[PDB]
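*Asks:* So that you have it, the file is entry_7.txt, and it contains compact mmCIF, C-alpha atoms and all ligand atoms:
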# COMPACT_ATOMS: atom_id res chain seq x y z
CA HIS H 4 22.43 9.64 42.73
CA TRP H 5 19.13 8.69 41.07
CA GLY H 6 17.97 5.09 40.79
CA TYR H 7 14.85 2.91 40.66
CA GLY H 8 14.39 2.18 44.34
CA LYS H 9 11.95 3.64 46.86
CA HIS H 10 14.10 6.62 47.89
CA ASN H 11 15.74 7.54 44.58
CA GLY H 12 13.35 6.13 41.97
CA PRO H 13 11.20 7.74 39.25
CA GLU H 14 8.93 9.69 41.63
CA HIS H 15 12.04 11.46 43.03
CA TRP H 16 13.72 12.43 39.75
CA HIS H 17 11.94 15.76 39.38
CA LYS H 18 13.89 17.28 42.29
CA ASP H 19 17.24 17.14 40.47
CA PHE H 20 15.66 17.18 37.00
CA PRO H 21 12.50 19.33 36.92
CA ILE H 22 11.93 18.46 33.22
CA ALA H 23 10.60 15.18 34.69
CA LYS H 24 7.21 16.90 34.75
CA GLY H 25 7.65 18.37 31.26
CA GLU H 26 5.37 18.51 28.22
CA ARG H 27 7.04 15.73 26.22
CA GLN H 28 8.16 13.06 28.70
CA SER H 29 8.73 9.37 27.96
CA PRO H 30 7.71 6.58 28.09
CA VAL H 31 3.95 6.75 27.41
CA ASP H 32 1.06 4.31 27.13
CA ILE H 33 0.29 3.60 23.50
CA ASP H 34 -3.49 3.58 23.05
CA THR H 35 -3.90 1.53 19.84
CA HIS H 36 -7.39 2.83 19.02
CA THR H 37 -6.40 6.51 19.49
CA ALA H 38 -3.13 6.37 17.52
CA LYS H 39 -3.85 7.51 13.97
CA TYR H 40 -2.49 5.87 10.84
CA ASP H 41 -0.42 8.47 8.95
CA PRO H 42 0.16 7.59 5.26
CA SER H 43 2.60 10.51 4.96
CA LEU H 44 5.00 8.49 7.15
CA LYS H 45 7.74 6.56 5.37
CA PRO H 46 9.30 3.12 5.70
CA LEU H 47 11.95 3.06 8.41
CA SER H 48 15.43 2.61 7.00
CA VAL H 49 17.60 0.57 9.36
CA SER H 50 21.08 0.21 7.84
CA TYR H 51 23.18 -1.75 10.35
CA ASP H 52 25.27 -3.72 7.81
CA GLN H 53 28.45 -1.85 8.76
CA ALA H 54 27.76 -1.60 12.51
CA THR H 55 30.94 -1.61 14.59
CA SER H 56 30.36 -2.57 18.24
CA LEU H 57 33.06 -1.67 20.79
CA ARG H 58 32.26 -2.50 24.41
CA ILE H 59 29.59 -3.90 26.70
CA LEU H 60 29.20 -2.03 29.99
CA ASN H 61 27.27 -2.11 33.29
CA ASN H 62 26.56 1.59 33.92
CA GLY H 63 24.64 1.10 37.17
CA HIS H 64 21.20 1.55 35.60
CA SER H 65 21.36 -0.98 32.74
CA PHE H 66 23.93 -2.68 30.53
CA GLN H 67 24.82 -1.11 27.19
CA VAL H 68 26.60 -2.20 24.05
CA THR H 69 28.44 0.77 22.53
CA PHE H 70 29.24 1.50 18.89
CA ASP H 71 31.71 3.53 16.83
CA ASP H 72 29.67 6.53 15.69
CA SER H 73 32.54 8.57 14.23
CA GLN H 74 31.16 8.12 10.71
CA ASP H 75 27.99 6.83 9.03
CA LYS H 76 28.15 3.07 9.57
CA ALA H 77 25.04 1.93 11.39
CA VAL H 78 22.30 4.51 10.80
CA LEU H 79 18.55 5.03 11.02
CA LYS H 80 16.74 7.08 8.37
CA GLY H 81 13.22 7.52 6.99
CA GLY H 82 10.07 6.86 8.96
CA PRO H 83 9.24 10.18 10.62
CA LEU H 84 12.87 11.33 10.51
CA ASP H 85 14.65 13.96 8.42
CA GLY H 86 18.33 13.33 7.87
CA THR H 87 20.60 10.70 9.33
CA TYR H 88 20.94 9.31 12.85
CA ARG H 89 24.01 7.28 13.91
CA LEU H 90 23.72 4.32 16.29
CA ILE H 91 25.71 5.06 19.48
CA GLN H 92 24.44 2.39 21.88
CA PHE H 93 21.73 -0.07 22.86
CA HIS H 94 20.45 -1.16 26.29
CA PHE H 95 17.45 -2.82 27.90
CA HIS H 96 14.89 -2.22 30.64
CA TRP H 97 13.42 -5.26 32.37
CA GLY H 98 11.40 -6.48 35.32
CA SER H 99 11.68 -8.76 38.33
CA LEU H 100 8.99 -10.94 36.73
CA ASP H 101 7.70 -11.32 33.17
CA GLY H 102 4.56 -9.23 33.73
CA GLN H 103 6.51 -5.99 33.91
CA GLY H 104 9.73 -4.49 32.62
CA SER H 105 8.88 -2.47 29.51
CA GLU H 106 8.79 1.32 29.66
CA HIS H 107 6.27 1.88 26.88
CA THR H 108 3.01 -0.01 27.25
CA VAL H 109 0.42 -0.98 24.64
CA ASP H 110 -3.18 -0.55 25.76
CA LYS H 111 -1.74 -0.63 29.32
CA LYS H 112 -0.03 -3.97 28.51
CA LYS H 113 3.45 -4.31 30.04
CA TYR H 114 6.09 -6.39 28.26
CA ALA H 115 8.82 -8.43 29.95
CA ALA H 116 11.52 -6.03 28.73
CA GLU H 117 12.26 -3.30 26.21
CA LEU H 118 15.31 -2.77 24.00
CA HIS H 119 16.38 0.77 23.16
CA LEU H 120 18.64 1.45 20.18
CA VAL H 121 19.88 5.02 20.59
CA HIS H 122 20.83 7.13 17.55
CA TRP H 123 21.81 10.81 17.28
CA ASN H 124 21.24 13.32 14.46
CA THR H 125 24.41 13.89 12.38
CA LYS H 127 23.57 17.54 11.65
CA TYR H 128 24.52 18.35 15.28
CA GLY H 129 27.98 16.74 15.05
CA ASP H 130 28.10 14.91 18.39
CA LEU H 131 25.81 13.25 20.93
CA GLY H 132 26.35 16.00 23.51
CA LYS H 133 25.10 18.66 21.10
CA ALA H 134 22.27 16.49 19.77
CA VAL H 135 20.65 15.95 23.18
CA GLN H 136 20.10 19.71 23.49
CA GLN H 137 17.90 19.74 20.38
CA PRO H 138 14.24 18.66 20.02
CA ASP H 139 15.16 16.50 16.99
CA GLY H 140 18.61 15.44 18.16
CA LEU H 141 17.87 11.79 18.93
CA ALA H 142 15.93 8.89 17.43
CA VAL H 143 15.42 5.91 19.73
CA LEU H 144 14.17 2.64 18.27
CA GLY H 145 12.19 0.74 20.91
CA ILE H 146 11.53 -2.98 20.68
CA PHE H 147 9.42 -5.01 23.08
CA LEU H 148 10.55 -8.40 24.43
CA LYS H 149 8.14 -11.10 25.51
CA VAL H 150 9.15 -14.47 26.97
CA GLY H 151 8.92 -17.58 24.80
CA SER H 152 11.41 -18.88 22.26
CA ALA H 153 15.10 -17.96 22.46
CA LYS H 154 16.36 -15.05 20.37
CA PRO H 155 19.57 -16.37 18.75
CA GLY H 156 20.95 -12.87 18.04
CA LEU H 157 20.73 -11.99 21.75
CA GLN H 158 22.65 -15.02 22.94
CA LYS H 159 26.11 -13.49 22.49
CA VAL H 160 25.01 -10.70 24.83
CA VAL H 161 23.65 -12.97 27.57
CA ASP H 162 26.78 -15.16 27.46
CA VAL H 163 28.92 -12.22 28.54
CA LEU H 164 26.73 -10.72 31.32
CA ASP H 165 28.54 -12.78 34.00
CA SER H 166 31.63 -10.68 33.26
CA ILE H 167 30.00 -7.29 33.95
CA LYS H 168 27.93 -8.11 37.03
CA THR H 169 28.49 -4.84 38.92
CA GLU H 170 28.45 -1.12 38.14
CA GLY H 171 31.52 0.12 36.27
CA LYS H 172 32.55 -3.20 34.77
CA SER H 173 33.01 -3.43 31.00
CA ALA H 174 34.27 -5.93 28.45
CA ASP H 175 35.35 -6.02 24.81
CA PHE H 176 32.27 -6.66 22.67
CA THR H 177 33.41 -6.39 19.05
CA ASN H 178 31.85 -7.85 15.92
CA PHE H 179 28.30 -7.92 17.26
CA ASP H 180 25.52 -7.59 14.67
CA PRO H 181 22.53 -5.68 16.07
CA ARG H 182 20.41 -6.80 13.10
CA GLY H 183 19.90 -10.03 15.03
CA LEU H 184 17.79 -8.20 17.61
CA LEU H 185 15.15 -6.98 15.13
CA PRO H 186 11.68 -8.47 14.60
CA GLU H 187 10.33 -9.24 11.11
CA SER H 188 8.01 -6.26 10.65
CA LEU H 189 9.26 -2.69 10.89
CA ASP H 190 5.72 -1.38 11.50
CA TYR H 191 5.89 1.27 14.23
CA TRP H 192 4.26 3.95 16.33
CA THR H 193 5.98 7.34 16.65
CA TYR H 194 5.70 10.37 18.97
CA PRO H 195 7.92 13.20 20.22
CA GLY H 196 9.40 12.38 23.64
CA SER H 197 12.42 12.33 25.96
CA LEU H 198 15.25 10.25 27.39
CA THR H 199 13.65 7.98 30.00
CA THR H 200 16.59 8.27 32.38
CA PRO H 201 18.03 11.45 33.90
CA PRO H 202 18.69 14.05 32.64
CA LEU H 203 15.38 13.20 30.86
CA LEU H 204 16.09 15.63 27.99
CA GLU H 205 13.23 16.25 25.55
CA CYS H 206 15.28 15.52 22.48
CA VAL H 207 13.88 12.20 21.23
CA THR H 208 11.77 11.11 18.28
CA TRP H 209 10.47 7.78 19.54
CA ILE H 210 9.92 4.95 17.09
CA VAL H 211 8.38 1.92 18.80
CA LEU H 212 7.97 -1.30 16.81
CA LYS H 213 4.58 -3.03 17.02
CA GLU H 214 5.98 -6.57 16.78
CA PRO H 215 7.89 -7.72 19.84
CA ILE H 216 10.78 -10.16 19.71
CA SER H 217 10.65 -13.26 21.89
CA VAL H 218 13.48 -14.24 24.23
CA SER H 219 13.72 -17.31 26.41
CA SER H 220 13.23 -17.44 30.16
CA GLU H 221 16.95 -18.40 30.42
CA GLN H 222 18.02 -15.29 28.50
CA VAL H 223 15.96 -12.83 30.57
CA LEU H 224 17.01 -14.69 33.74
CA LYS H 225 20.58 -13.63 32.96
CA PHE H 226 19.48 -9.96 32.84
CA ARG H 227 18.13 -10.40 36.36
CA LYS H 228 21.46 -11.66 37.75
CA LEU H 229 23.09 -8.26 37.11
CA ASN H 230 23.59 -5.72 39.94
CA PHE H 231 22.85 -1.98 40.29
CA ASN H 232 25.65 -1.68 42.85
CA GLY H 233 29.43 -1.58 42.48
CA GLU H 234 31.65 -4.52 43.45
CA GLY H 235 31.80 -5.46 47.15
CA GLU H 236 28.69 -3.51 48.17
CA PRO H 237 25.49 -5.20 49.34
CA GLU H 238 24.06 -7.08 46.36
CA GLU H 239 20.99 -5.25 45.06
CA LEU H 240 19.69 -6.96 41.91
CA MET H 241 19.37 -4.96 38.69
CA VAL H 242 15.65 -5.57 38.11
CA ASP H 243 12.73 -3.20 37.50
CA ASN H 244 14.95 -0.54 35.95
CA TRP H 245 12.03 0.98 34.03
CA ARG H 246 10.30 4.33 34.27
CA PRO H 247 6.51 4.08 34.31
CA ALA H 248 4.35 5.69 31.60
CA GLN H 249 4.12 9.51 31.73
CA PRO H 250 1.27 11.91 30.83
CA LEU H 251 0.82 12.15 27.04
CA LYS H 252 -0.46 15.75 27.26
CA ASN H 253 -0.60 17.56 23.89
CA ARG H 254 0.95 14.82 21.78
CA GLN H 255 -0.30 12.55 19.04
CA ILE H 256 1.04 9.07 18.55
CA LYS H 257 1.01 8.18 14.86
CA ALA H 258 0.92 4.67 13.36
CA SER H 259 2.94 3.72 10.25
CA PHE H 260 0.48 0.95 9.48
CA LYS H 261 -3.24 0.58 8.81
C1 LIG J 301 23.56 9.11 25.78
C2 LIG J 301 22.22 8.50 25.95
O1 LIG J 301 21.84 7.65 25.15
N1 LIG J 301 21.38 8.88 27.05
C3 LIG J 301 20.09 8.29 27.22
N2 LIG J 301 19.21 8.55 28.21
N3 LIG J 301 18.04 7.88 28.14
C4 LIG J 301 17.93 7.03 27.10
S1 LIG J 301 16.54 6.03 26.75
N4 LIG J 301 16.24 5.10 28.06
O2 LIG J 301 15.44 6.98 26.52
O3 LIG J 301 16.86 5.20 25.57
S2 LIG J 301 19.38 7.12 26.17
ZN ZN J 302 16.24 3.10 27.56
Can you present the structure in this file as structure tokens?
Ligand SMILES: CC(=O)Nc1nnc(S(N)(=O)=O)s1
Ligand SMILES: [Zn+2]

*Replies:*
Amino acid sequence: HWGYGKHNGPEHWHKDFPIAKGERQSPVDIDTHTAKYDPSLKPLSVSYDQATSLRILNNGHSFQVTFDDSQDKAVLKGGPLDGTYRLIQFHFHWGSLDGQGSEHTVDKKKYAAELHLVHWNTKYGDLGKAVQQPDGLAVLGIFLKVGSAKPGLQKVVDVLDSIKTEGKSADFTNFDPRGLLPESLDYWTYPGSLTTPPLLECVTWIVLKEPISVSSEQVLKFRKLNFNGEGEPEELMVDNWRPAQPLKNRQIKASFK
């Protein structure tokens, strides 16, 4: 079973998942001076008004809030995307201290954490089918830095005590993911992959330039979670991020001048 530690972490993943050394792996460093502004790109369309959250879950590598994706309800359109992508889940990656935790980096800068809102392309019918297609997923990535509290995150942190260990879940209905968004929807975009095994190269990445700020107390709660299942030696869920991968033959485009 893969993980983030010395003997099962990111440098080991290629053995069970050889795509780990593929041509479109994520995350990557975003070099702000090399990324080209592309005026053909469109405004992102984030329509989360009808979002229906279901559960919050510790899956052993992060915690995720899941959504009902049986019909168009919370979807992402526009930007670099064709067609409609339904929100299935969001999760975070974070560090043991504030100077690391994000998966993408900006001019080698590491953020305290990174939020991933995962959406799949409706023209493939289900998530399972979408992940086997180069345009099957759109993941919206948002950086977190430490400062002021993020009110829309507080309902999430208040429940983390209840899902401390792997496998634990709780009801998490009536959560509005709009409260996790920054003001500007300016973004970078590039073709990439899932950043956890099986690391499938099925993702259009859309990373927002403006981070959201969260308080030290909020991110502290992230760090109290556990990779392990109940009763096992406590091994803190921290530094669950994959480092930046080779960009290779890819261009990162900017939606803004
Ligand atoms: C079903 C599903 O969402 N699988 C994922 N694997 N990696 C993801 S990430 N870290 O790139 O957002 S999402
Ligand atoms: Zn992720």

*Asks:* Could you check how far CA of residue 152 (chain H) sits from CA of residue 199 (chain H), in Å to one decimal?

*Replies:* 28.0 Å

*Asks:* Any residue with an atom at most 10 Å from ligand LIG 301 (chain J) counts, using only C-alpha atoms and all ligand atoms. Which are they? Put them as an MDAnalysis selection string.

*Replies:* chainID H and resid 28:30 64:65 67 69 90:96 106 117:123 131:132 134:135 141:145 196:209 244:246

*Asks:* Find the residue from H:66, H:231, H:114, H:226 that sits nearest to ligand ZN 302 (chain J); use only C-alpha atoms and all ligand atoms when measuring.

*Replies:*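 Looking at the shortest contact to ligand ZN 302 (chain J), the residue is H:66.
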
*Asks:* Smallest atom-to-atom distance to residue 149 (chain H): which of H:257, H:113, H:127, H:107, using only C-alpha atoms?

*Replies:* H:113

*Asks:* Hey, which of H:86, H:104, H:138, H:181 ends up closest to ligand ZN 302 (chain J)? Count only C-alpha atoms and all ligand atoms.

*Replies:*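 Distance minimum relative to ligand ZN 302 (chain J) lands on H:104.
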
*Asks:* Closest to ligand ZN 302 (chain J) among H:146, H:164, H:25, H:230, using only C-alpha atoms and all ligand atoms?

*Replies:*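 Closest residue, counting only C-alpha atoms and all ligand atoms: H:146.
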
*Asks:* Could you check the closest approach to residue 84 (chain H) for each of H:193, H:63, H:156, H:11 and tell me which residue wins, using only C-alpha atoms?

*Replies:*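 For residue 84 (chain H), the nearest of the given residues is H:193.
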
*Asks:* Select, from H:233, H:188, H:150, H:42, the residue with the minimum atom-to-atom distance to residue 102 (chain H), counting all atoms listed in the file.

*Replies:*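 Checking each candidate against residue 102 (chain H), we get H:150 as the closest.
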
*Asks:* Hey, what's within 7 Å of residue 109 (chain H) if we count all atoms listed in the file and toss same-chain stuff fewer than 6 positions away? As a ChimeraX atom specification, please?

*Replies:* /H:32-35

*Asks:* Would you compute an axis-aligned box for region 181-193 of chain H, covering every atom listed for it in the file with 8 Å of margin on each side, and report centre and edge lengths in Å to one decimal as AutoDock Vina command-line options?

*Replies:*
--center_x 13.4 --center_y -1.3 --center_z 14.1 --size_x 34.3 --size_y 33.4 --size_z 23.0
